[PDB]
Each structure stands twice: as C-alpha cells, then as structure tokens.
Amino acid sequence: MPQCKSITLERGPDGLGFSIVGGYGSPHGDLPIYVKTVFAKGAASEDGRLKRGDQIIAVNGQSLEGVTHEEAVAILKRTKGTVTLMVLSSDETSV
C-alpha cells in the first residue's frame, strides 16, 4: 500500500542526513530518486520519518520527475532553508 507523505527537515551541519541512489541514466538504469541510507544522528534520522526505499517526488514543490542523479543532488543541496520533501513511501520498513 504505497502512500504519499510530506516530510519537513531543517538541515544540520552535515546536510539533510541521508543518501540517494537512482536517477535518469543512473548506473542502475532510468530510475526515480530513492533514499538509500538515513544516517544515525542526522536531521532525517532525528525526524524519524524518512526511510530506505522512499522515493523523493518533490523538494519544496519542485518535482524530481525524470531528473538525473546529479540534478536531484543539486536540487536537494541548494534548496534554501526548511526543506519539505514529498515522498512516496511503503508500508514496509527495512531492518
């Protein structure tokens, strides 16, 4: 049961505190942008919502549809202030 969530983070000194994989023309194929790891002690982890496997659909309303890996990183890293991520998330959680 895949659901849409809005997750709001304040950057720490280490950024949003997660990594991404995927992207149009990515080494794995033409993929959406997926959260891979949520780092211990970072903003995404302290917030407690974002998780491995979440697909980042938008960043402060700016769509990631069809973007390359590098495009997604630029949007994620340059977007100013409080960051609201629109994500598509699964019911299941990896452990």
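Residue numbers run from 1 along the displayed sequence.
- Placement of the Cα temperature factor of residue 20 within the chain: lowest third of the modelled residues, per the deposited record.
- Sort the modelled residues of the chain by CA B factor and residue 83 lands in the highest third.
- For residue 27, the recorded CA temperature factor ranks within the highest third of the chain's modelled residues.
- For residue 66, the recorded CA temperature factor ranks within the highest third of the chain's modelled residues.
- Looking at the C-alpha B-factors along this chain, the one for residue 42 belongs to the highest third.
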